[PDB]
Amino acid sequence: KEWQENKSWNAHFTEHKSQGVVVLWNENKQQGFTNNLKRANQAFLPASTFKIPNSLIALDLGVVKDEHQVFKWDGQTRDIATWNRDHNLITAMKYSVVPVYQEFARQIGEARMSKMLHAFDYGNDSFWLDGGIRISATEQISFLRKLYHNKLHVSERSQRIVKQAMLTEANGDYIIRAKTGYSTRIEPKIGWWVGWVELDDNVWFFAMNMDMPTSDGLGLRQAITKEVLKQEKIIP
């Protein structure tokens, strides 16, 4: 619908010698805001943000029975400690456990994965890491709004379970449901944070990506998004 460029948010990026985009969508007012309309509409690899639709499809097809089912560690030690243990959907999403999601994708199969992504109108195996799938910030928001309103073609149940699994932060002021991403297999190397802020009276959808040349800057994904949310008085 209607979009507005707010170049003042660029200050949040330059303060950290960083480049990227934040996109906000005010659900009540049906209005979007971004520091960079062009980058807002540039498609990148989803990386770990692909765990949202992967989770939805796995649940809807019964590849994942529920958020309690245990996926046993395969015993192969990997360089992220949190991966080297048993997981359920909740902890697999929280710790971005690629091995668990690769197994989901194999059991889903490329034919069913394709029909589901087409039905989700999601962007355009390992394809979400080093393959052809691409999605923009504004496309992330468009997908997330369908998930929020249970409007994706999968069961309501599938959508409620994934939204539970997206829980990141909650207090008396706000709830954040979101997914982090880090795309390194193809240039440019970017960090993602996509999801939404639930308030008493409104929802603010958000999608941000930023240049991530090294691991060191990963915290800026959350820190820069929150600086924008603070500035717009969406959270304290």
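Residue indices: 1-based, along the sequence shown. Definition used throughout: the rigid core is the maximal C-alpha set that superposes within 1.5 Å between two forms.
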| request: Compare 79 to 87 with 125 to 133 and report which one shows the larger root mean square C-alpha deviation from this form in 7 other deposited structures of this protein once the rigid core is superposed. | output: 125 to 133
| query | Counting only residues of the deposited sequence, how many between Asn124 and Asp125 have no atoms in the entry (none, 1 to 3, 4 to 9, 10 or more)? | reply | 4 to 9
| task | Quick one: say whether 76 to 84 or 126 to 134 has the higher mean Cα B-factor in the deposited entry. | result | 126 to 134
| field | Entry-level comparison of average CA B-factors, 24 to 32 and 44 to 52, reporting the higher stretch | value | 24 to 32
| task | Name the one of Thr180, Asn209, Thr168, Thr184 with the greatest CA B-factor according to the PDB entry. | result | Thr184
| remark: Quick tally, chain-level thirds of C-alpha B-factors: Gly195 sits in the lowest
| message | Can you tell me whether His153 has a C-alpha B-factor in the lowest, middle or highest third compared with the other modelled residues of the same chain? | response | highest
| Position of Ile90 among the chain's modelled residues by C-alpha B-factor, lowest, middle or highest third | middle
| field | CA B-factor ranking of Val63, expressed as a third of its chain | value | middle
| message | Sorting by Cα B-factor within the chain, modelled residues only, which third would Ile161 end up in: lowest, middle or highest? | response | lowest
